Amino acid sequence: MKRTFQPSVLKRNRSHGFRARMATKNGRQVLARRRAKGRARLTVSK
Amino acid sequence: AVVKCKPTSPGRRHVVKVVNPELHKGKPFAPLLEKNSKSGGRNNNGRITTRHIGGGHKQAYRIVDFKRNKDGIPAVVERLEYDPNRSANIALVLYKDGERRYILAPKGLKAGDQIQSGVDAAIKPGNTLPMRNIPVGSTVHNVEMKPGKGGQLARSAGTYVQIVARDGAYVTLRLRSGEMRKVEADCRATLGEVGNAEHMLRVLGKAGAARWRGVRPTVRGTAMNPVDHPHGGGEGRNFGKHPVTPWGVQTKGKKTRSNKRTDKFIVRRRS
Amino acid sequence: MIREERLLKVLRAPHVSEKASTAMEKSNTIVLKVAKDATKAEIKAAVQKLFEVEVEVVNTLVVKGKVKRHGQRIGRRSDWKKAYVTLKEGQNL
RNA sequence: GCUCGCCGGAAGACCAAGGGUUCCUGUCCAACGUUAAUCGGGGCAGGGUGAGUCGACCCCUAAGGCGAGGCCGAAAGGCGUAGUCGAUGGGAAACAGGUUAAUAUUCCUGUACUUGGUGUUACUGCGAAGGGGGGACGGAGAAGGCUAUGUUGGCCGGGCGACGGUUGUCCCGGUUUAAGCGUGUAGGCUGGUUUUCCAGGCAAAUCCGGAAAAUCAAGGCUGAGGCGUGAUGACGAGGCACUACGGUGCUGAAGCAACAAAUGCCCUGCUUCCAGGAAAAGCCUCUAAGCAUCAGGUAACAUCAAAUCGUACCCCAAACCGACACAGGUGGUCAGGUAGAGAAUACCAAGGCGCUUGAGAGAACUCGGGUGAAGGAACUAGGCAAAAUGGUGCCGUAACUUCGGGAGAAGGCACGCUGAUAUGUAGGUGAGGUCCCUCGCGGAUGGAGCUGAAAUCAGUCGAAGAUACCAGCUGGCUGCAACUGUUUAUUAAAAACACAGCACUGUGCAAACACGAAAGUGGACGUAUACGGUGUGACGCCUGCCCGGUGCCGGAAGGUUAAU
RNA sequence: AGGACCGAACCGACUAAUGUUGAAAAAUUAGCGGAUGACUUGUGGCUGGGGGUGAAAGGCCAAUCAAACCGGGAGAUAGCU
Ligand SMILES: [Mg+2]
Ligand SMILES: [Mg+2]
Ligand SMILES: [Mg+2]
Ligand SMILES: [Mg+2]
Ligand SMILES: [Mg+2]
Ligand SMILES: [Mg+2]
Ligand SMILES: [Mg+2]
Ligand SMILES: [Mg+2]
Ligand SMILES: [Mg+2]
Ligand SMILES: [Mg+2]
Ligand SMILES: [Mg+2]
Ligand SMILES: [Mg+2]
Ligand SMILES: [Mg+2]
Ligand SMILES: [Mg+2]
Ligand SMILES: [Mg+2]
Ligand SMILES: [Mg+2]
Ligand SMILES: [Mg+2]
Ligand SMILES: [Mg+2]
Ligand SMILES: [Mg+2]
Ligand SMILES: [Mg+2]
Ligand SMILES: [Mg+2]
Ligand SMILES: [Mg+2]
Ligand SMILES: [Mg+2]
Ligand SMILES: [Mg+2]
Ligand SMILES: [Mg+2]
Ligand SMILES: [Mg+2]
Ligand SMILES: [Mg+2]
Ligand SMILES: [Mg+2]
Ligand SMILES: [Mg+2]
Ligand SMILES: [Mg+2]
Ligand SMILES: [Mg+2]
Ligand SMILES: [Mg+2]
Ligand SMILES: [Mg+2]
Ligand SMILES: [Mg+2]
Ligand SMILES: [Mg+2]
Ligand SMILES: [Mg+2]
Ligand SMILES: [Mg+2]
Ligand SMILES: [Mg+2]
Ligand SMILES: [Mg+2]
Ligand SMILES: [Mg+2]
Ligand SMILES: [Mg+2]
Ligand SMILES: [Mg+2]
Ligand SMILES: [Mg+2]
Ligand SMILES: [Mg+2]
Ligand SMILES: [Mg+2]
Ligand SMILES: [Mg+2]
Ligand SMILES: [Mg+2]
Ligand SMILES: [Mg+2]
Ligand SMILES: [Mg+2]
Ligand SMILES: [Mg+2]
Ligand SMILES: [Mg+2]
Ligand SMILES: [Mg+2]
Ligand SMILES: [Mg+2]
Ligand SMILES: [Mg+2]
């Protein structure tokens, strides 16, 4: 059966990657929150 | 030519084709072609803003000359072509200076016929004049609403306007709707009707034929749930409401014209 | 020209293996670990200058470092660049 | 290691995506592995990915994204112009052989190709952000010509058989060779050529478009394959010498032809249809400003450059998505033999596997199957399930019908093998030879050889010849929906939704309508033979009466009636 | 020619049995429907929550849907247990 996660690195990096985050203010808030919590990995990017 | 298909399959039993042998069987003129990709009836917000639009055959856009503004220079009809983008056929015409243009093909025009545009032009089908230079009573098509803007009225297969009156700066036109309308007598019109008057006698014959033309299914409101549509709901086939649109506006009689800007130009509404 | 300072950085170590040994005896090719940003042009220049030999062609690959566990902690060794340096004639390096 | 079994349009092979060292080697067996484990996709260590030509990057654009200014919006922001990004598409070029424990179109050998920069020499109007051409495009069908590939023969090497026979019309194996270069063939397209003129291609043009003349007819473009060369090479059955017995080292025969033949190629063709079938660059050409015995262009030759990143390995799966070494899911490519219409099916090849608990026993009962006396739906809500039918050719086939259908209606007959017709026929292919020859990859003739249906007659075996696998049950009456479709992912597939058709109604274009505080955008680069909304739902015959109620449309005298 | 017919790939899901602490949070087996089209599929893109999308089942919108998920208001309120 086809499950929901169908990986594509391009789609991953465009949907949830660093530069997508940076492109909107709500995306930059996501990063701010994640830096404040002290997340080792800010984005899917890495 | 109006031709019934033989019932060799259930999807062919009711097909009625309109087949013109004069239509160029080859490919269109490339310098007058442009790309025109499809919308799905969806706007710049990506929302469906016109329902029931999607799929259908890829189509190139033919640059038709509705202005018909190359005055004084005669042109010969080279060939009549199918245009996918409209109901009328188009004519590839050759101006005597080596320029080709598409025009809307009038009723009775054929390869070899000469057309001209302008004030001096003769009164024959395919000739575009300012409507001040056209006899009252004349059938015309591709009629301008504003001088120089290009024809906007009577462009569909078989359509035409009559010049019922001229009073100074304005001609009164009977439109296909039966609306009597005023227009500035400087506005251009082409003489004769639009061709392909058999367009309306075509019978698509099957669901897929509409799908080919890029028309997706219409679901009746009464087949929906109340959350979807005012007509929604019922245990069985129920209705008991005044017919409305999906946004609740009465859809059997209620007038929706509200344009006070252009009301001065309408002599009498269609009725 | 590439500067001598650059050239003195680019070559890191001789790579020692059976494949590197065979390369040298069969096809007169020295296998070098090089700086990860070293270009084929820089490697050729450095081998010629530093090892005083004549190079035919450099071939390069980036070796991905292995992920390794060390006392239940998970690390990763560094990527490095290896250069197969084909010598001309009998240069002997 | 030897047998046995299984897959073989896969359970083989090669990839993309995704994963990321799982790859190879050595070592270890705690944990992991549904058992044991000496083994492992486990632990630990070391090794392993080599490119001008493959791919990415790159140049070019699609949908779409972002977007200087701009327009719009309490703010945040939205939209969008110029631009700039964005492949799933367009754009230069490498093949064969060999080699590693593990990479190879990347290394090596041999033999190539492409683009760019210089320099040199000769020739010479170069020059774009512009013009034109090209790139550049659908579905279906048909028929040639081909090749991959196969088969048989010939050739060469080897064999003469564990049990009757097997020196033969006998058995086994091999019989392979590329890109490139040269040649221009089946086929496809188009008349060339020269001169002059011109309201067109924003300017210009020698280009494109148009017009008028003359002249000549083959001229050009495109194109599979074959053929030659590449290749006096490489490869090669096998033999010989070692072996650290796993593997190496050394030498090397034949290497032809006929026939069959793709879904691949000619073919982005041709024919045909309507639903009418990207863009941009590379590329080719044209000129403008400009430059001028200079730059620059073209050609030849020499030389130099072609970076950077990916490259292991799995990839219908134990390595990806499914918590699992999970009967699931996952796009592309390749396509051997016999039988067969076939990529169905059966048995096999190459190749790969026996599915990580076994050993016994041979109760009930459950599961999956086989067979069944007599009966034959009596079972049951219901023939649920099972049983059955099942091929090809031919004969034959009802009501009814929208004249297509119904129809594979129904029902029936023939079917293997052998011989003869005919030591293999009809048909297909076609050598040599002969003749002509705008002389060749030519034509005609010719038929060797090869391949080869189908049928008739005669005979013959079995209970049974479509013998397996494979493979319609059929008919009668009737409800509903015209039909093909669509639907409740995971208890409903239907009579529900859709549907062509019909009708009503709105809508004159800055359309109605829809998304949107707006700007905009969709409707539509459409224009009433159009578009939106609503109901009905092929077709046939039709569709009655009621405007009191509610709603809509029209009217506007009068009554009432807001802010002011 | 065909939303033509029979039938693999491919797409689907009518019937039955199995399974129901499954091999599997929807499958397997045997049958079944479509199979040039209103077909199917790869890659990428767009539509966002009273919002989308829907040949319309209140279907679907990441095993979640008569109003997704996440965080917050938040220790909502709970004459109830
Ligand atoms: Mg509609
Ligand atoms: Mg409709
Ligand atoms: Mg309903
Ligand atoms: Mg409501
Ligand atoms: Mg009722
Ligand atoms: Mg009632
Ligand atoms: Mg090299
Ligand atoms: Mg590399
Ligand atoms: Mg590991
Ligand atoms: Mg291993
Ligand atoms: Mg164990
Ligand atoms: Mg033990
Ligand atoms: Mg291991
Ligand atoms: Mg924008
Ligand atoms: Mg701005
Ligand atoms: Mg853009
Ligand atoms: Mg770009
Ligand atoms: Mg691409
Ligand atoms: Mg390997
Ligand atoms: Mg052949
Ligand atoms: Mg096919
Ligand atoms: Mg590999
Ligand atoms: Mg297992
Ligand atoms: Mg599995
Ligand atoms: Mg599949
Ligand atoms: Mg099979
Ligand atoms: Mg088998
Ligand atoms: Mg038993
Ligand atoms: Mg049993
Ligand atoms: Mg039985
Ligand atoms: Mg019995
Ligand atoms: Mg019996
Ligand atoms: Mg009986
Ligand atoms: Mg009974
Ligand atoms: Mg009973
Ligand atoms: Mg049954
Ligand atoms: Mg049965
Ligand atoms: Mg009844
Ligand atoms: Mg039905
Ligand atoms: Mg269901
Ligand atoms: Mg069901
Ligand atoms: Mg408009
Ligand atoms: Mg109905
Ligand atoms: Mg009535
Ligand atoms: Mg069909
Ligand atoms: Mg069918
Ligand atoms: Mg479904
Ligand atoms: Mg099944
Ligand atoms: Mg079928
Ligand atoms: Mg309901
Ligand atoms: Mg869900
Ligand atoms: Mg709510
Ligand atoms: Mg509170
Ligand atoms: Mg609480």
Side-chain angles (χ1 to χ4, degrees), chain A residues 1-11 23 25, chain B residues 6-14 28 30 35-37 39 41-50 53 55-61 72-73 82 84-87 94-100 145 152-159 175-177 179 181 196-197 199-200 203-213 216-225 227-228 231 242-247 250-257 259 261-262 266, chain C residues 17-19 22 26-27 29 39-41 59-64 66-67 82 84:
Chain A
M1 297 178 64
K2 194 182 181 59
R3 301 307 186 184
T4 56
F5 189 46
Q6 300 303 319
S8 156
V9 179
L10 179 56
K11 291 171 76 174
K25 75 90 180 177
Chain B
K6 295 194 165 190
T8 59
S9 58
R12 288 283 287 194
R13 179 179 287 288
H14 300 292
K35 155 189 146 59
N36 84 127
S37 56
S39 71
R42 280 135 168 105
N43 78 341
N44 58 356
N45 301 324
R47 291 291 179 79
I48 294 169
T49 66
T50 294
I53 294 182
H57 207 290
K58 191 177 192 179
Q59 306 179 325
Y61 182 70
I73 308 160
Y82 187 83
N85 306 283
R86 69 194 68 255
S87 63
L94 180 58
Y95 287 86
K96 269 178 177 58
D97 59 5
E99 167 166 354
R100 292 185 165 72
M145 305 190 74
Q152 280 189 289
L153 307 171
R155 307 197 326 185
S156 184
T159 56
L175 306 181
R176 281 295 302 176
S177 54
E179 196 184 78
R181 201 221 158 76
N196 196 199
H199 167 83
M200 62 175 176
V203 176
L204 299 188
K206 71 172 186 166
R211 303 305 303 279
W212 298 337
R213 293 173 162 77
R216 302 240 304 130
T218 290
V219 183
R220 294 165 298 111
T222 195
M224 310 183 174
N225 300 308
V227 69
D228 300 306
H231 300 174
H242 295 129
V244 290
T245 70
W247 307 277
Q250 198 273 16
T251 193
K252 294 269 183 174
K254 184 177 186 305
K255 291 173 169 46
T256 70
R257 177 178 170 72
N259 192 306
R261 179 166 57 69
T262 69
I266 317 299
Chain C
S17 64
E18 295 186 5
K19 179 169 188 175
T22 292
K26 175 197 298 179
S27 55
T29 295
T39 56
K40 289 179 178 179
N59 280 9
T60 51
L61 55 86
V62 174
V63 181
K64 278 85 259 183
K66 298 196 190 168
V67 176
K82 180 196 298 190
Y84 293 95

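Residue numbers start from 1 in every chain, and the chains themselves are labelled A, B, ... in the order their sequence lines are given, proteins ahead of strands. Side chains are part of it too, since the values below use all heavy atoms of this structure and drop only hydrogens, waters and symmetry mates.
Using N1 to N3 plus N6-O4 or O6-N4 for Watson-Crick, or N1-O2 and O6-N3 for G-U wobble, each under 3.5 Å, D:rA377 pairs with nothing. The partner of D:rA45, taking Watson-Crick or G-U wobble pairs whose two distances both stay under 3.5 Å, is D:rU25. Base-pair partner of D:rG228: D:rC181 (Watson-Crick or G-U wobble, both distances under 3.5 Å). Pairing of D:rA323, defined by two Watson-Crick or G-U wobble distances under 3.5 Å, is not identified with any nucleotide. Base pairing of D:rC189 is made with D:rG220, judged by Watson-Crick or G-U wobble geometry with both donor-acceptor distances under 3.5 Å. The nucleotide D:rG77 finds its pairing partner in D:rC72, both defining distances of the Watson-Crick or G-U wobble pair being shorter than 3.5 Å. Across all strands shown, nothing is found opposite D:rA422 as a Watson-Crick or G-U wobble partner with both distances under 3.5 Å. Figure legend. D:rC259 is base-paired to D:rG150; pairs are counted as Watson-Crick or G-U wobble with both atom distances under 3.5 Å.
Taking 3.5 Å as the upper bound for both contacts, D:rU206 does not pair with D:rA556 in Watson-Crick or G-U wobble fashion. By the Watson-Crick or G-U wobble test, with both distances required under 3.5 Å, D:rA489 and D:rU389 do not count as a base pair. With both hydrogen-bonding distances under 3.5 Å, D:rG449 and D:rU429 qualify as a Watson-Crick or G-U wobble pair. Taken together, E:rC65 and E:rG49 meet the test for a Watson-Crick or G-U wobble pair: both N-N or N-O distances fall under 3.5 Å.
Among the heavy atoms of the strands lying under 4.0 Å from B:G208 is at least one base atom, whether or not backbone atoms are also near. Nucleic acid contact for C:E18: base, since at least one base atom lies under 4.0 Å from a heavy atom of the residue. Note on B:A210: only backbone sugar-phosphate atoms sit closer than 4.0 angstrom, heavy atoms only; bases stay farther off. Contacts of B:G55 with the nucleic acid, taken as non-hydrogen atoms under 4.0 Å apart, are absent.
One N or O donor and one acceptor, one from the side chain of C:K66 and one from the base of D:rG47, sit under 3.5 Å apart. For E:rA38, the base has a donor-acceptor partner in the side chain of B:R211 [N/O atoms by modelled type, under 3.5 angstrom]. Donor-acceptor pairing under 3.5 Å, judged by distance alone, is present between the side chain of B:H14 and the base of D:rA538. In terms of polar N and O atoms assigned as donor or acceptor, the side chain of B:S39 never comes within less than 3.5 Å of the base of D:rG522 in a complementary pairing.
For A:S8, taking side-chain heavy atoms from C-beta onward, the closest of the listed nucleotides E:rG44, D:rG48, E:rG54 is E:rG44.
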task = Can you check each nucleotide of nucleotides 546-555 of chain D against protein heavy atoms at under 4.0 Å and return B for base, S for sugar-phosphate only, - for none, in 5' to 3' order?
result = ----BSSSS-

ask   = What one-letter contact string describes nucleotides 72-94 of chain D from 5' to 3', where B marks a base within less than 4.0 Å of any protein heavy atom, S marks contact via sugar-phosphate atoms alone, and - marks no contact?
value = ----S--SS-----SS-------

query = Which parts of nucleotides 305-332 of chain D does protein reach within less than 4.0 Å, heavy atoms only, written one letter per nucleotide 5' to 3' as B for base, S for sugar-phosphate only and - for none?
reply = ---SSSS---------SS-----BS---

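The same atom, P, is picked in D:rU106 and in D:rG187; the two are 41 Å apart, to the nearest Å.
Closest approach of B:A60 to B:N36, counting heavy atoms only: C-ND2, 3.4 Å.
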